[PDB]
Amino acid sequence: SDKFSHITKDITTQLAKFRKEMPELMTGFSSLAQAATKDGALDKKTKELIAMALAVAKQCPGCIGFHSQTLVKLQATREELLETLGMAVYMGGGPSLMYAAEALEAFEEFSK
């Protein structure tokens, strides 16, 4: 019931080490991430929906964890999430359907 909470927490504790021990690298990465996700022609929620689809296509539970968490914070609706997942399924078939299930689980977990 706290599967993705644990995944994201555990990754975050390792990432704190990276930020201390590879500070130039992580500063560069942070700049990339912030530039990619900032408000622009596409708003932040829309970019995070794009991120969620990518997370599912890349079959990465950590990404699914963090971006579903962010989507809840950005107040994405369940319907907006499902429709993003549908795009991943169309462009990934069976395996993306499996990770779409995980993304729904993550989103529901972080939704309370």
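The numbering used is simple: start at 1 and walk along the sequence shown.
> Tell me which stretch, 83-91 or 36-44, has the higher mean Cα B-factor listed in the entry.
On average, C-alpha B-factors are higher across 36-44.
> Between 48-56 and 70-78, which has the higher average C-alpha B-factor in the PDB entry?
Stretch with the higher mean C-alpha B-factor: 70-78.
> State the tercile, meaning the lowest, middle or highest third, of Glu21 with respect to the CA B-factors recorded for its chain.
Its C-alpha B-factor belongs to the lowest third of this chain's values.
> What third of the chain does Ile11 rank in for C-alpha temperature factor, lowest, middle or highest?
Its C-alpha B-factor, which the entry lists for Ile11, ranks in the highest third among residues of this chain.
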